[PDB]
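Residue numbers (full-length UniProt numbering), protein chains in the order written: chain A, 24 to 108; chain B, 5 to 290; chain C, 39 to 93; chain D, 24 to 234, 244 to 310; chain E, 138 to 270, 320 to 657.
Beta carbons are placed, not taken as given, at the ideal position from N, Cα and C, and that holds for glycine.
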Ligand SMILES: [Zn+2]
C-alpha cells in the first residue's frame, strides 16, 4: 500500500488549504480599505451653500436666500422632494 | 566667492534637450552652452538656461567657437521676459574637463566676472550628484609660478523648489515613498561602504601613483593635512577604545530600554484584539 | 481506482501552494499602495489653512 | 470624412516650463506659443515650450509680437533645430481652468496659423507631485452643424479618454469643445537619468552621509504614551451583546509602525559606530 | 507486479507501471492476457491528461500505438491520436499504403475526418503531397476542402432558428454612437453561414453614417454572413469589387477584400495570388487591411514570401493600422513557427519607432508568431520583460499566453501574477489577468475561485480583466 497511503496523507493537506483560504481572506481584507481610501476625492469635492427657502413656485422651481445674499430662483434635482419644501 | 549652489533639475533637462539636438548631427566633441543663474547670496541658484553652437578641432585646443551676438540677444530676451535671471556660467556634457576649458571660462568671465561651469553626464551610472562647480582663482603657488590659474572645486548639490516636482514624481511613478523600516538603510550600507571605500582605495591607488609616479604636484600641502583630519582616529590593532566600550553600552542603553518596554507593549497591542476577534470569527463563524 | 486520486489532489496541492505564495506578496504590495494613499491624505494640509468655526 | 484618434505627446520640459512660467508670473495670467513637431494625424508632440513676452493691459492675440516671432524662432533655428509650432499656451491662475473669451478670439487666428492649433490651459496653484492640471482642446466649427458632432472614427479610445467627464463647466462648454488625450511619454535618453538624479541625489545625496537621534527619544515617548492611554481606555467599554455596543475603533495605529521605524533606525544608529568605526 | 498478477488487478498494476516512469513493466501490463482494450484505451486518456513533460508522454503514446498494432484488429484510434500529438507525416502515408492494400471505403473516411478537422492547418496541407505523390481519388475528395465547409454552410442555412424582434428593438436606436455597427455585429454573428441576404436591404440612412467602420462594418458583416460560400463570391460582389463601389475613403473597398478573406478563411484557392495582386495593385496602405488579414488567415503554411517581403518595406517605418495588419499577417502565416527571420525583423524592429498602434500591432504579431512552445521562447519573453513600459512586457504577457496554450505550466503564472499586480502601468495588468483564460482552457475549473479575489482590485483595469477571465 505504497501510494494507497501517500495520497491519504496528502488528503490531510486539505487542512493546509484552510490556511490558504484564510490568506485569501487576508488579501480580501484591506482591499476594501484601499478601495475606500482611494475614493476620498469624494471628500475633495467642492463645497456647497446653506440657504433659506421662502416657498416654492411653479414648473418645479424653488427660491433660496443664501447666507448674506438676496433671492435666487434655483433649480431642483431628481433625488429630492418638492413635497418637503 | 561662491558658497554653494541650488540647482533645479529643469536646467539639467534643458541640457538634455540640446544633447538630443546634437546626437542627431555630426558630433565632434561635446556641448558648450550658456548657464544662466539667480545669484542672491554667496549661495547660487539657477532657474533656466539655453545653449549656443560650438565646434572644436584638436590641434592646439584654441579653435573653439561661440556666438556672443546670439548669446546676448537671447540673454536680452530672457532678461526682458524675466528680470530675475542673469548669466552665471556655462556647462559641458563630457564628464572629464580638458585644457581648453580655462580659455572658455576666462573668455566668458568678461560679461559677469564669474562663470561657473557645470559638468553633467547624459549617461550617468556611477557618479553621485551630476552638478559640479569650479571657480577660477589663484593660490598662486608655493613656487609662485607665472599665473597658475586654477579651477577650484566649489561644493554643489541638486537644488529644491516648491511644486517643481509636479511633473517629476507623477512621471517616474515607481517611487516607493517612505521605505523607513525596510532596506533603504542597507542600500546606503552597501553603497557607502563599497562606493566610499573604493573612493578610498582609488585614493590609495593615487598613492601608488605617488609611489611609481607623482612627482608632478606630489601635493604635500593639503593631502596629509586633511588626511590628518582623518587621522584623528589612527585605528590600529588592540583597537584603543577601552574608554569607549562603556560609551557604546550607553549608546545601546536607552534604545534597548525602549525596545524591551515598548515591544512588550507591542505584544500587548497585538494579543488583545487578536485573541478576541480571533475566537469571535472562530466560534461565531457558524 | 487509486492512481486517479493523487493525480488530481497533488495538482490541487501544488496549484494551492502557487497561489499561497502569491497572495503573501499581494497583501505586501497593498500596504505600499496604502502608504501612497496615506501621503495623499497627508498632503491635504500643508501651505494653507482657512480658519472657520464649527456650527 | 474620417478622422483617426488623436494624441498629444509631451516632452515634460513643456510641463516644467508651464509650471515655472505660471509660478513666475503667478498673480497674473500669461500667454504663449507652443513648439513641437507635427508627426501625423493620430499623434502630435510638443517638444519645446519657450518663453513668450508679457502684456499688461489685456492678454490678446496681439501678445504674439511678430518681430519677436521672427527673432525667437530664427534664434531657435540657429539653435538645435528649426522645428514647427504645434499650438499655444496660456494660464488661468484665478479659477478652475476653463476657456476664456480671448481664447476663442484667437482660436481662428491659430487655426489659420496651425492645423490642429491645440490650446493649453493651466492653473499654477494646485499640488506638488500629483495633479495633471494641463487641459487641451479643439474647437470644431459651427459650419459642421449639419453633420454629427465629434465623430472620432472609433470612439473607443475616445471613450477611454471619456473616463471622468471632467470639469463640469467645460462640459457645459461642450458646445463645440472636447478635451484630448495627453500621455506623459517616455524619454529613454532622459527617464533613467532623471531617475538617477532624483533617487541617487535624494538617497543621502552622496549616499555616504547619515550612515535628531537623541531627543526624538523624548519626542517619540511623548507621542507614543500620550496616545497609548486613550488607546487602552476602550477595553473598559468593550462588552458582549454583539451589536448592542457601538464604538469599534482600532488603537494599534502609529504605535506598531512609528515605534518600529523609530527604534529600528535608532538601533542602527547605535550600530553606526561599529559600522563606520571598524 | 507479480503480486499485481496474483491479485489480478490491472489498475494497481498500471499505477506501479507508472511508478517506474518507464516502459519495462508498463510494457508488461499490456503484455498480460485478457487486457481489455477499453481500459487500455482510457489509459491513454489518463496518461494524456497527466504526464507533464513531452520527454516520454509521447513515448508512452507511441508504445501504446505499437501495442495496438500488436492488437489483432487493425487499429486506427491509435494512429488517429498519435498522428495529431506525435505528429507523424510518414505514419499517415503508411496507413494510406495500408489503404492501398485494403481497398475499403470506411478505411479512408473517419480518421481522415479526424485529421481533416482536428489537426494543424499546416500539417495535412503539407503532408497531402506525401500521401498522393479509388482511395487515391477519395483522399482528393475529402482532404481538399471541397465538401466539409460547404455542407456546414448547408447546415447553417437550413438550421436557422432566430429572432427579428430584438433587431427591431435595436433598429429603432437613433443616436450617433457606433452601436449602429453593433446592430450589424448582432445580425452578422447570429446569422453566420446563411448567405441569405435579408439585412443589407432594410435601410437607406441607417447604413449611410459614413466613417471608417460604417463602411468597413457594412461590407464586413456581409462576409460574416457569407462564412463559407466558396464559389459565388465574385459574382455576388460584382457590385462590391474594390473599384465598383466608390467608398467614403477606403473601407467600402477594404472590407470587400476583408469579406473575401472571411469567405476563404483557412480554405484558399486563388486567395494567395488574387488577393496579393489586388493588394499589390492597391493605391496605398490605407486599403490593404482586410485583404492582408484574410491573406495571412488563408496563407497558414503556404510559405508565402511576399507577406514577409513587401510588408516591412511597405510600411518603411510604420503605418496607420495596417502595420498591425502586417504583424498579424506574418504571425498567421508563421503561427508557432519561431520565425528566426522575423524574430530579427520584428522584435529588432519594434523599438525604434514611437507610435502606439504600430507598436501594439507588432506586439500582437510577435505574440502570434509564437504559440504552444512550452519552453521555447521564455528567455526572449523575459528579454521582452526588461524593455520599456507599454510594449514588450505587454507582448511578453500575450506571447506567454499563447506559448502555454493547453497546459497547466506553473512558469507563466510566476511572471503573470508578478507583472499583474506589481506593475504600475495598468493596461499590461489588464493583459496579464486576461492571460489565464488563454493558458487555462483545457482544465478551466481552476480560475474562478482565485480570480474572484482579483475581482476586487483598485482599478477597473484588473477588475475588467478579472471579469473577462471567468468568461
Ligand atoms: Zn483667458
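Interface flag, residue i vs chain B, CB-CB below 8 Å
i, result
"residue 100/D", "no"
"residue 50/C", "no"
"residue 77/C", "yes"
DSSP-derived helix/strand/coil call for residue i
i, result
"residue 356/E", "helix"
"residue 54/B", "strand"
"residue 65/D", "coil"
"residue 71/D", "strand"
"residue 176/B", "helix"
"residue 638/E", "helix"
"residue 137/B", "strand"
Alpha helix (DSSP H) segment containing residue i, residue limits
i, result
"residue 170/B", "Counting along the chain, residue 170/B falls outside any alpha helix (DSSP H), and DSSP gives it neither H nor E."
"residue 473/E", "No alpha helix (DSSP H) holds residue 473/E; DSSP gives it neither H nor E."
"residue 155/E", "148-156"
"residue 214/E", "214-222"
"residue 264/B", "249-287"
"residue 617/E", "613-625"
Counted within 10 angstroms of its Cβ, other Cβ atoms place residue i as buried (16 or more) or exposed
i, result
"residue 46/A", "buried"
"residue 590/E", "buried"
"residue 186/B", "exposed"
"residue 218/E", "buried"
"residue 279/D", "exposed"
"residue 508/E", "buried"
"residue 146/B", "exposed"
"residue 308/D", "exposed"
"residue 91/B", "buried"
"residue 413/E", "buried"
Continuous beta strand (DSSP E) stretch holding residue i: start and end
i, result
"residue 98/A", "94-98"
"residue 403/E", "Careful: residue 403/E lies outside any beta strand (DSSP E), inside the alpha helix (DSSP H) at 398-411."
"residue 368/E", "No beta strand (DSSP E) holds residue 368/E; the alpha helix (DSSP H) holding it covers 365-375."
"residue 157/B", "154-158"
CB contact check: residue i to chain D, cutoff 8 Å
i, result
"residue 435/E", "yes"
"residue 377/E", "no"
"residue 392/E", "no"
"residue 167/B", "yes"
"residue 270/B", "yes"
Below-8 Å beta-carbon distance, residue i vs any chain E residue
i, result
"residue 232/D", "no"
"residue 211/D", "yes"
"residue 72/C", "no"
"residue 50/A", "yes"
"residue 26/A", "yes"
"residue 61/A", "yes"
"residue 40/C", "yes"
Below-8 Å beta-carbon distance, residue i vs any chain A residue
i, result
"residue 65/C", "yes"
Test: residue i CB closer than 8 Å to a CB of chain C
i, result
"residue 127/B", "no"
| Per the contact definition of three or more C-beta pairs closer than 8 Å, is the region 269-277 of chain B in contact with the region 567-577 of chain E? | No contact exists between the region 567-577 of chain E and the region 269-277 of chain B.
| query | Counting pairs of beta carbons, one from the region 28-44 of chain D and one from the region 80-92 of chain A, are three or more of them closer than 8 Å? | reply | no
| query | Would you call the region 406-422 of chain E and the region 71-83 of chain C touching, i.e. three or more CB-CB distances under 8 Å? | reply | no
| field | Three or more C-beta pairs below 8 Å linking the region 282-302 of chain D and the region 252-264 of chain B | value | Enough Cβ pairs lie closer than 8 Å, so yes.
| Any contact of the region 88-97 of chain A with the region 108-121 of chain B, i.e. 3+ C-beta pairs under 8 Å? | no
| said: Quick check on the contact list: which residues have their beta carbon closer than 5 Å to a heavy atom of ligand 3? | reply: Looking for ligand 3 in the displayed structure turns up nothing; the ligands present are ligand 1.
| Okay, do the region 257-264 of chain D and the region 166-182 of chain B touch, 3+ Cβ pairs below 8 Å being the bar? | Because the criterion of three Cβ pairs below 8 Å is not met, the region 257-264 of chain D and the region 166-182 of chain B do not touch.
| the region 42-61 of chain D in contact with the region 191-208 of chain D per 3-pair CB rule at 8 Å | With the cut-off at 8 Å, the region 42-61 of chain D and the region 191-208 of chain D do not touch.
| Should the region 146-158 of chain D be called in touch with the region 362-376 of chain E, which here means at least 3 C-beta pairs below 8 Å? | no
| said: Does the structure place the region 483-503 of chain E close enough to the region 456-472 of chain E that three or more beta carbon pairs sit under 8 Å? | reply: yes
| request: Inspect the CB distances between the region 97-107 of chain D and the region 97-109 of chain B and report whether three or more fall short of 8 Å. | output: no
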